[PDB]
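K.L.:
Take this structure first; my questions come after.
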Amino acid sequence: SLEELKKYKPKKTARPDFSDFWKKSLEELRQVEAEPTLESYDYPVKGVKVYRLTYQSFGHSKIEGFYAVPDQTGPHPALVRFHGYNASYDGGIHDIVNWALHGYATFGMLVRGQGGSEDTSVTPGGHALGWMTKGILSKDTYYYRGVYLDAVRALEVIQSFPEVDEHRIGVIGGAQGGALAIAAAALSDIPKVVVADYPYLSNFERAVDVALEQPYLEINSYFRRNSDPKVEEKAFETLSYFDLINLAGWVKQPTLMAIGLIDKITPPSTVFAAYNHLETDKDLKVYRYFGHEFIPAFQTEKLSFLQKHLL
Amino acid sequence: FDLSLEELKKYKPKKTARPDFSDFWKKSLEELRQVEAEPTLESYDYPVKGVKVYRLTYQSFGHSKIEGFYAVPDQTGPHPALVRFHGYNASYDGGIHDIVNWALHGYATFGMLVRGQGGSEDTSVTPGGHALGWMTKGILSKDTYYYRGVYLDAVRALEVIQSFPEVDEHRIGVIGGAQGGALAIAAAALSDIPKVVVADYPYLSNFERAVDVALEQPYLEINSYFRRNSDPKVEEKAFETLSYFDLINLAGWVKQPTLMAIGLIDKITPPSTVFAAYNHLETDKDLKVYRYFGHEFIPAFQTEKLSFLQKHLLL
Amino acid sequence: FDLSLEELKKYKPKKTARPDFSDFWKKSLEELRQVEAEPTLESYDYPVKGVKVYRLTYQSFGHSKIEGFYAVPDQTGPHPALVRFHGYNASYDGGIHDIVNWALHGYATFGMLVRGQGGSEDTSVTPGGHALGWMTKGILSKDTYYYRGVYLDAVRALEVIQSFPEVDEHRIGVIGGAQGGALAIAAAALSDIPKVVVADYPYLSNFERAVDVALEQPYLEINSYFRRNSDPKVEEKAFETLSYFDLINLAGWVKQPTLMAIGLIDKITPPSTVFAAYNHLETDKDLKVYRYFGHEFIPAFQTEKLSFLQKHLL
Amino acid sequence: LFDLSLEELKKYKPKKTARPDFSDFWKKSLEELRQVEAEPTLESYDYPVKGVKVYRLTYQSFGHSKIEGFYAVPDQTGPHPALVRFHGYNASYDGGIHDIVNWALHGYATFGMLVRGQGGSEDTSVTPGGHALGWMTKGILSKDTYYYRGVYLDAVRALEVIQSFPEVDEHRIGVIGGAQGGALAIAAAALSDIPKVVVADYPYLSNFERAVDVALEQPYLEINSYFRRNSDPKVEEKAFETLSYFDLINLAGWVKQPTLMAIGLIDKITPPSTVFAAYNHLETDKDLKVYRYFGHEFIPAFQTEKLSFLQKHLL
Amino acid sequence: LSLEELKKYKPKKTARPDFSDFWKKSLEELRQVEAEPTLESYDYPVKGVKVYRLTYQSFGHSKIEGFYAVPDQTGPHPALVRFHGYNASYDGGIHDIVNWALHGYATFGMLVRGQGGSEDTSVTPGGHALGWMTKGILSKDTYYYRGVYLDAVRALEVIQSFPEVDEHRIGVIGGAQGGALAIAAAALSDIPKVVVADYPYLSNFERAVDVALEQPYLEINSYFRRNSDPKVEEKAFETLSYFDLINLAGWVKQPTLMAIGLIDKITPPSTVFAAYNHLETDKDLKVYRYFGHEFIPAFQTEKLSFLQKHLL
Amino acid sequence: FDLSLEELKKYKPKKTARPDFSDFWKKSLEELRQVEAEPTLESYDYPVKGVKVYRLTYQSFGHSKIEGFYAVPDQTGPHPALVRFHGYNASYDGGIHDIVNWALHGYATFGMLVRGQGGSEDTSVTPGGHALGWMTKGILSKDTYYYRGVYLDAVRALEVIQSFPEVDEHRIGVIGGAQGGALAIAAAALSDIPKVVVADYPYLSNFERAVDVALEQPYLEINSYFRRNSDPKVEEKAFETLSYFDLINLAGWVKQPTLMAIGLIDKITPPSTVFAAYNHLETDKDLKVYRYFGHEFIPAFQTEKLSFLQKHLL
Ligand SMILES: O[C@@H]1[C@@H](O)[C@H](O)OC[C@H]1O
Ligand SMILES: O[C@@H]1[C@@H](O)[C@H](O)OC[C@H]1O
Ligand SMILES: O[C@@H]1[C@@H](O)[C@H](O)OC[C@H]1O
Ligand SMILES: O[C@@H]1[C@@H](O)[C@H](O)OC[C@H]1O
Ligand SMILES: [Cl-]
Ligand SMILES: [Cl-]
Ligand SMILES: [Cl-]
Ligand SMILES: [Cl-]
Ligand SMILES: [Cl-]
Ligand SMILES: [Cl-]
Ligand SMILES: [Cl-]
Ligand SMILES: [Cl-]
Ligand SMILES: [Cl-]
Ligand SMILES: [Cl-]
Ligand SMILES: [Cl-]
Ligand SMILES: [Cl-]
Ligand SMILES: [Cl-]
Ligand SMILES: [Cl-]
Ligand SMILES: [Cl-]
Ligand SMILES: [Cl-]
Ligand SMILES: [Cl-]
């Protein structure tokens, strides 16, 4: 119930070496030269310049994404946008450009092997169909390790741009994107604000027992194929290093979140769990009649919130 | 839902192989040969009597470590052998129970696990975005395509098995269903080690039609790919890549006796895609058609399978 | 699921228009002209920069008050303009976010809301029973049919927009998908105000085939109607009424450049019904065919849409 | 099972949501209705039945709407007892003439009123603004413009018309219906003293605030679709305010006639709790038939009850 | 197929040389059993109609049940034997029976062995798919519908023998399975004067199994999946041929009224047209474009009108 | 979708057995004894090496001829033996491949086919109407109920196997899943011939709860029955009949070591119905709980099964 959801705050599952793991990971990332590249890209828009932007990241993977900038003298405020799980079509260029038309230098980072970008990370062994369980038996090999770092590197690259006001950079996204937005804000102090639509990758131990649809269930499919009890124990150990309930505590930027009460993909409880772990200026928008989908009303909130803090 | 039986019997789509088809594989096999197998065996406890069970790994294309269980009849050989390939994302606990049962039928059996699926390592980089699944990983290039490494692993597997002392290299067979049947055929086409081939409704065949006739996963992964990459050239390049791995192009190299099965109401590996591969085989072959079965275990064909293998390898 | 492409490219069903087709509309436009627009603008706050947003209403057929958001680029014009029509029962919050984004692309945009759906008033009486939905309201007579008022509202909308000072009347376009695309085409056919037309898989086309080929709502609303009214004459009269609103009969009056899209696996607006309308257009036209898309947002066509509108209006 | 426990259902009695002007609203509505001349009309209608006369009956009602319906009377000297039958939501085919005629064959002068724009009848009421696909939310932002305002009055006027017939014993008139029909039967009995008995199969339009959170199928969910399209918080508040004027938990209190109701425990359309809520608000001779293994459908066993109950009170 | 093709679809009969002999013998075995009918008053909230429970002995000495409703007045009244759909009988469909009586017909709703009611003594030879469709399917002598068909015949014999029943005005009606029993009964007996069958089932079996999209025809497919032996399939269809309507229709000489919904997935239009096109008698088929395997209001008027004309 | 694991571990519904429970079976076993087994063996060709395969029939309750494949390790015995029972309407080609594989594991195995399902004759008359399926055949009386004959066939099967020379009567086991597991437990309860019992998510247990918790067939066959027979007494009598065959009433007679499995997301044999049976066992027992599996083949439990049988028989 809404009354219980408002109070649901599961106990962190972070291991003693939680922060050490990330400290090291950030370091390995730092050992890679960004070597960013910009390439003009033609698009039927007036008042905005569009480019294709790539840069080197963790494991020497080349990360892609479209970069749209308001066509005028800046520095303009900027946004790094993250897309949903297996939900990126044509690098979501139309969204990127529209954000630019709203006055934001925007870059839509494409998640490794999904919407685009290269993934050099080896596949240690078998796993369920999907990205959720690639290299899940070790925090070092897990899929989202590289992804999280790419999100951080993305901010480093954007911030370094001359036409970008480094003091007015925001991160936004829904589900997977919202999770990347929060993880990036937790692992970096570059973003000034965070907006996350029903964030994914949160409260994994409950998610696998409450979700009714993919992709959380990819973990269940994994356990079905690997009956060893130790596998389950090790898998959840790995996931704890990437769980939002453990990362939320490091977020110090103002955060705006949304949750649809009939969401079957990113269950309300998993989202409230992340929200209730945030120790910063925050606000959660609850929509009774919406699920894992585009919520018109929240779009107004999003625009208003970003405008207030960046525009 | 697919073609009638009269048309199916005559369906033989034009090969889509490019001029460099055989060259591509010739090079691929070479790169594979540049990797030392360095196989390893490790005893594995299992509640069976009369059979020895092991965990077997070996190095393959791109230096990937391939896994799989290896069961051998507990007695003096050399015993005939079988390399078994599992279905797409359909491997549970490395299918050990099946492996062991095959051994109990008198065969030295190895169930190779497909890269990143049932097990095994996949070192191959992911060039760029692709649809959820393995079907489109590195699909924009025959060199980077997922099944390139897999096919080679299948070949290397045979090289490893054959080299075993307790294995009669003249009585080695390859079996599998769907993805497994496709790997069985591809291995026989790329190697002369196997003496016989059994493939239950083979997958990875007649791609250009499959994407227009399949009603369920995983062929539709290709469709999802094109939805996310509207560029017309992408489609053209993707099918170019697939042609190098299509069974209608590999079948022609199979010279071993082949037994195949097809369920007429199969929605995953459409009858037409399977007949297409079959009609491209130029060797002793036989296709078992089951009117009331789909993409599933077909009891009646199991008898055929056993009988066929027994005749050519066992008795 | 539909008929081969090679056949689709040649599918051109025989018009079903009755002798009084054009007369019916001539009279309808007249009745509409007997109503004073009396438009109204009201500022509306929206978290956007560089665009002014308003709520716009005006009187139309049967004295119905029509609603819609109106967004204009915040700067000296006259700016080119677009009248956007939304899909069947597919309007949320008057689709304000789309309206505003169009304005941000440099177009004075008005998203007309279809009577009783996304908004707007519908004074038209309900003659008798009909299936759940709008598709069969007053279907037993062309005078009482639901889309009669809607079509006229679309026309009146253009009259209102065109009269605006910050709007260049020579650069006005109509766009929409499914129901919206049908309204865009119908408006261009009944008026000469719009310069260009863009229609994503248009609805309300080739009714007699649609009811035998569609796999999902809302075309099937007609089938539900016939199930509840077994009288043979009802079916005959219903299709007679529909003929006056069918795109295969209106397309012939469209003289503006038209851009259309169709997803080959569309179950709602079957490919054949869309090709039928397209093949009846006698004007500069182009149909974008997408093999792997259905009745949904097609990213690739969005580029075409922007490009086409930019070329003809910007 | 999916709703509240049977033990809890028997005690579920939600607090009325009626506003201070509840009874005033209806008092005025009945008055506006009275300002319209019925001007009924009868027209012979041919039907393959023996022993029954069938007619088409229309009459003027609220907003000057012409209401339709078939009228069947036992072919013999009366006055006969009479029934006004109301049909389910968008569930009327050919004006349900076969049911009408069968009721007449049971000895009842029967009239099946057709709900505005659904099974038949005219609806003059204007559509104030946008609303969800369906009738549930037409003019929902005001009790004066709400769809069921005209419908309820039509049901009342129907009774006035029937009662005035010479071949009808005004002291033996009943109202029956299921779901929407049962709701109209109860509403009519609450707003009129003409009917002697009421039978309602799992009544609809009851306990709206809970219904929208418990229903698993249409048409209650039309309200949810409405709120999805109109995010304004005030809209929700105003919509429920409007619904309260038509909610059975607020009208039941005015029912003084003997009432028979049925509820299927696995009903997903008219959830058991919404039905028990209406029943528990009735202050009159009543009886609720509970069927564990039935849902929103025809319940054979309750048909016997229905016939037996009507026969006892009217026959 | 298209309505144009459906109108001409007339599959070749599958009847074996001993077709008529099989039934001739079956009718004889039936005749060796004493009906010994029984009537028992049954209370029902109806006025103007008397209701009873009627049982009688049939093939294999099975006791057949059913409700019997008669107009409460001096007859003899015309009569109807109603057959219910496959596994579609609730409370012996008493409400329908009673309503028919209220329409002026002495009506008996025979309940099909083990389904809506009635006893089934026939042994189960061996394994078969879940359902009745394949019980004893490996032999025409042991097949489930053999006993059912005969019960339908015996039912007419019993009804006809009633004093309050005009034996020259007896009809048989039913939908799907019921319609199949109505036709089969008219083909195996000359007692009924008219036949009404809503989208008849048990027709054109060899095509039905390849065209049906839902149960219960698919029960045959389930059977073949569980019994891979090729001979099993051959023998099964051999058995079915003895009960197929395309082989029985030719013996129907009574006026017949049929209905078919073009979107029917249970009793595919082609299987129904196949039966219809094999009828050599006064007949008429009502085609409904927008209806499937369900109650069709418009056809109900036709049904009433047709029965009224020929019996009323 | 059931209760918590904490509650399941403690769920032990009150037995529903009637005073004449044990008397009913005592008589039933007697009637069975009045029938001469008259078993028959017939060689059957199968592409296997090291195993002999036969078709075995024998007479049982009501003089029904029961079938099944019989595979024996091709070597000098006596070998340990297994009687395998198949799932509800889940037998294809008499599951010969499984039978033969068991034999290859060293067990003389007989896969009894359940009356009218996988094979075997069912002479029992059908008293009256019932729902589509076997679950409610003759449900209005314990004497006429379908599973009465089936249970006895299971017992007679053990009598026949035990009597074989190549079979060590002190090492005979019964195994099965769902319906098969229910037959394995019932047989062990009605006979002292089997030394061990293995039952995968046993069916036919805790009927009164099952009908309110099951989400799929075949338990729901009972619900279909009550829908077609509204008489309140019917329901009462039906559950009375079922009580005589419910595992929660038979489990108490099982004295052999028992191994059971349950998938927590099982919708066919709900976890609670299986735990109810398990918690009524008063013998060496162990229940394997699988969180991510349902009514299906569970690889991990197969290892347990093999290991358990090997320990007690091989
Ligand atoms: O899913 C919904 C979509 O269908 C609609 O178009 O916009 C709002 C979304 O929530
Ligand atoms: O119970 C009835 C059944 O016997 C009949 O066949 O179909 C209608 C049902 O209501
Ligand atoms: O199937 C239809 C049913 O849903 C409706 O209620 O009554 C008419 C039938 O044809
Ligand atoms: O249902 C699963 C099946 O699909 C797989 O093949 O084997 C393991 C089972 O649990
Ligand atoms: Cl891993
Ligand atoms: Cl959702
Ligand atoms: Cl909401
Ligand atoms: Cl690629
Ligand atoms: Cl399939
Ligand atoms: Cl088959
Ligand atoms: Cl109308
Ligand atoms: Cl679609
Ligand atoms: Cl496409
Ligand atoms: Cl309103
Ligand atoms: Cl329901
Ligand atoms: Cl019930
Ligand atoms: Cl048989
Ligand atoms: Cl149907
Ligand atoms: Cl029709
Ligand atoms: Cl399950
Ligand atoms: Cl598990």
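We label chains A, B, ... in the order they appear in the structure tokens, count residues from 1 in each chain, and number ligands from 1 in the order shown.
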If you count only C-alpha atoms, which residues fall within 10 Å of stretch 83-89 of chain C, apart from same-chain ones fewer than 4 positions away, as a PyMOL selection string?
P.N.:
(chain C and resi 68+70+94-95+98-99+102+107-114+116-118+133-135+154+157-158+161+172-184+194+198-199+202-203+217-218) or (chain D and resi 130-133+225+229)
K.L.:
Neighbouring residues of ligand 17 are defined here as those with any atom at most 12 Å from a ligand atom, counting only C-alpha atoms and all ligand atoms; list them as a ChimeraX atom specification.
P.N.:
/E:122-129,132-144,223,227,232-233,235-236,239-240 /F:115-122
K.L.:
Provide the atom CA of residue B:158 to atom CA of residue B:250 distance in Å, to one decimal place.
P.N.:
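The value is 17.6 Å.
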K.L.:
Within 10 Å of chain D, which residues belong to chain A? Use only C-alpha atoms and report them as a list in words.
P.N.:
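On the chain A side, the interface is residues 287, 288, 289, 290, 295, 296, 297 and 298 of chain A.
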K.L.:
Near chain C, meaning an atom within 12 Å, which residues of chain A appear when counting only C-alpha atoms? Write them as number ranges by chain.
P.N.:
A: 42-48, 70, 88-95, 97-104, 294-308, 311
K.L.:
Wanna dump the chain A-chain B contacts at 12 Å for me, each residue with its shortest atom pair and the distance in Å to one decimal, counting only C-alpha atoms, ordered by chain and number, as a Markdown table?
P.N.:
| residue | atom | partner | partner_atom | distance |
| --- | --- | --- | --- | --- |
| A:59 | CA | B:125 | CA | 10.8 |
| A:60 | CA | B:125 | CA | 11.1 |
| A:61 | CA | B:125 | CA | 9.3 |
| A:62 | CA | B:128 | CA | 9.0 |
| A:63 | CA | B:128 | CA | 9.0 |
| A:64 | CA | B:128 | CA | 8.8 |
| A:65 | CA | B:129 | CA | 11.1 |
| A:85 | CA | B:132 | CA | 9.1 |
| A:86 | CA | B:132 | CA | 6.4 |
| A:87 | CA | B:228 | CA | 8.4 |
| A:88 | CA | B:228 | CA | 6.6 |
| A:89 | CA | B:228 | CA | 4.1 |
| A:90 | CA | B:229 | CA | 5.6 |
| A:91 | CA | B:228 | CA | 8.2 |
| A:92 | CA | B:228 | CA | 9.5 |
| A:93 | CA | B:228 | CA | 11.8 |
| A:109 | CA | B:129 | CA | 11.9 |
| A:110 | CA | B:129 | CA | 8.2 |
| A:111 | CA | B:129 | CA | 8.0 |
| A:112 | CA | B:129 | CA | 6.8 |
| A:113 | CA | B:129 | CA | 4.0 |
| A:114 | CA | B:129 | CA | 4.4 |
| A:115 | CA | B:129 | CA | 4.9 |
| A:116 | CA | B:129 | CA | 3.6 |
| A:117 | CA | B:128 | CA | 4.9 |
| A:118 | CA | B:128 | CA | 4.8 |
| A:119 | CA | B:126 | CA | 4.9 |
| A:120 | CA | B:125 | CA | 4.7 |
| A:121 | CA | B:125 | CA | 7.0 |
| A:122 | CA | B:123 | CA | 4.7 |
| A:123 | CA | B:122 | CA | 4.9 |
| A:124 | CA | B:121 | CA | 5.0 |
| A:125 | CA | B:121 | CA | 4.7 |
| A:126 | CA | B:119 | CA | 3.6 |
| A:127 | CA | B:117 | CA | 5.5 |
| A:128 | CA | B:117 | CA | 6.7 |
| A:129 | CA | B:133 | CA | 5.5 |
| A:130 | CA | B:133 | CA | 5.5 |
| A:131 | CA | B:132 | CA | 7.6 |
| A:132 | CA | B:132 | CA | 10.4 |
| A:133 | CA | B:116 | CA | 10.0 |
| A:134 | CA | B:116 | CA | 8.0 |
| A:135 | CA | B:116 | CA | 9.2 |
| A:136 | CA | B:116 | CA | 11.5 |
| A:214 | CA | B:132 | CA | 11.4 |
| A:215 | CA | B:132 | CA | 10.3 |
| A:218 | CA | B:132 | CA | 11.4 |
| A:221 | CA | B:89 | CA | 9.8 |
| A:222 | CA | B:92 | CA | 9.2 |
| A:223 | CA | B:92 | CA | 9.4 |
| A:224 | CA | B:92 | CA | 7.1 |
| A:225 | CA | B:92 | CA | 4.2 |
| A:226 | CA | B:93 | CA | 5.6 |
| A:227 | CA | B:93 | CA | 6.8 |
| A:228 | CA | B:93 | CA | 8.6 |
| A:231 | CA | B:93 | CA | 11.6 |
K.L.:
Give me, as a list in words, the set of residues whose atoms come within 9 Å of any atom of ligand 14, counting only C-alpha atoms and all ligand atoms.
P.N.:
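My answer, listing the contacting residues, is residues 116, 119 and 121 of chain C; 127, 128, 129, 130, 131, 137, 138, 139, 140, 141, 142, 145, 146 and 239 of chain D.
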K.L.:
List as a list in words the protein and nucleic acid residues near residue A:2, meaning an atom at most 12 Å away when only C-alpha atoms are counted, but skip any in the same chain fewer than 6 places from it.
P.N.:
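Near residue A:2, the qualifying residues are residues 8, 259, 260, 261, 262, 268, 269, 272, 286, 287 and 288 of chain A.
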K.L.:
If the cut-off is 12 Å, can you tell me the residues of chain C near chain E, counting only C-alpha atoms? I'd like them as a list in words.
P.N.:
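Every residue of chain C that passes the 12 Å test is in residues 211, 212, 220, 221, 222, 223, 224, 225, 226, 227, 228, 229, 230, 231, 232 and 235 of chain C.
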K.L.:
How would you report the residues lying within 6 Å of ligand 16, as a count of residues only, if you count only C-alpha atoms and all ligand atoms?
P.N.:
5
K.L.:
Can you tell me, as a ChimeraX atom specification, what residues are no more than 12 Å from residue C:169 when counting only C-alpha atoms, ignoring any on the same chain fewer than 3 positions away?
P.N.:
/C:77-82,108,158-166,172-173,192-196,313
K.L.:
When you draw a straight line from atom CA of residue A:197 to atom CA of residue C:301, how long is it in Å?
P.N.:
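According to the coordinates, atom CA of residue A:197 and atom CA of residue C:301 are separated by 26.9 Å.
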K.L.:
As a count of residues only, please: every protein or nucleic acid residue near ligand 3 (cut-off 6 Å, counting only C-alpha atoms and all ligand atoms).
P.N.:
4
K.L.:
Around ligand 18, which protein and nucleic acid residues have at least one atom no more than 8 Å from it, if we count only C-alpha atoms and all ligand atoms? List them as a compact mmCIF listing (two decimals) with N, CA and C atoms, in the first residue's frame.
P.N.:
# COMPACT_ATOMS: atom_id res chain seq x y z
N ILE E 263 -17.01 -16.63 -39.01
CA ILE E 263 -15.76 -16.53 -38.26
C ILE E 263 -15.68 -17.59 -37.18
N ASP E 264 -16.38 -18.70 -37.39
CA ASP E 264 -16.39 -19.79 -36.43
C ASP E 264 -15.06 -20.54 -36.45
N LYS E 265 -14.44 -20.68 -35.28
CA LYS E 265 -13.16 -21.36 -35.13
C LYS E 265 -13.31 -22.77 -34.59
N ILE E 266 -14.48 -23.07 -34.03
CA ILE E 266 -14.72 -24.37 -33.44
C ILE E 266 -15.31 -25.34 -34.45
N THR E 267 -16.36 -24.91 -35.14
CA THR E 267 -16.96 -25.71 -36.19
C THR E 267 -16.73 -24.88 -37.45
N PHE E 291 -20.62 -13.54 -37.14
CA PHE E 291 -20.78 -14.41 -35.98
C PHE E 291 -19.93 -15.67 -36.04
N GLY E 292 -19.60 -16.20 -34.87
CA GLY E 292 -18.80 -17.41 -34.80
C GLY E 292 -19.56 -18.53 -34.12
N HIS E 293 -18.86 -19.35 -33.35
CA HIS E 293 -19.49 -20.46 -32.66
C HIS E 293 -20.18 -19.88 -31.44
N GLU E 294 -21.37 -19.34 -31.65
CA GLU E 294 -22.10 -18.72 -30.56
C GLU E 294 -23.59 -18.59 -30.88
K.L.:
Would you mind listing the residues within 6 Å of ligand 21, counting only C-alpha atoms and all ligand atoms, as a list in words?
P.N.:
residues 290, 291, 292 and 293 of chain F
K.L.:
Take the residues that were just selected and, keeping C-alpha atoms, output them as an mmCIF file, in the first residue's frame.
P.N.:
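Produced file out-v2.cif, reproduced below:
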data_model
loop_
_atom_site.group_PDB
_atom_site.id
_atom_site.type_symbol
_atom_site.label_atom_id
_atom_site.label_comp_id
_atom_site.auth_asym_id
_atom_site.auth_seq_id
_atom_site.Cartn_x
_atom_site.Cartn_y
_atom_site.Cartn_z
ATOM 1 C CA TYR F 290 12.812 -24.886 -5.644
ATOM 2 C CA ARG F 291 12.083 -21.153 -5.610
ATOM 3 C CA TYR F 292 12.368 -20.572 -9.355
ATOM 4 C CA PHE F 293 10.572 -23.622 -10.739
#
K.L.:
May I ask for the distance between atom CA of residue C:19 and atom CA of residue C:209, given in Å to one decimal place?
P.N.:
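Atom CA of residue C:19 sits 21.3 Å away from atom CA of residue C:209.
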K.L.:
When DSSP is applied to the backbone of this structure, which of stretch 240-277 of chain B are assigned helix (DSSP H, G or I)? Write them out as a PyMOL selection string.
P.N.:
chain B and resi 240-243+247-253+271-277
K.L.:
May I ask which of the residues E:272, E:97, E:176, E:102 is the closest one to residue D:105, counting only C-alpha atoms?
P.N.:
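The closest residue to residue D:105 is E:102.
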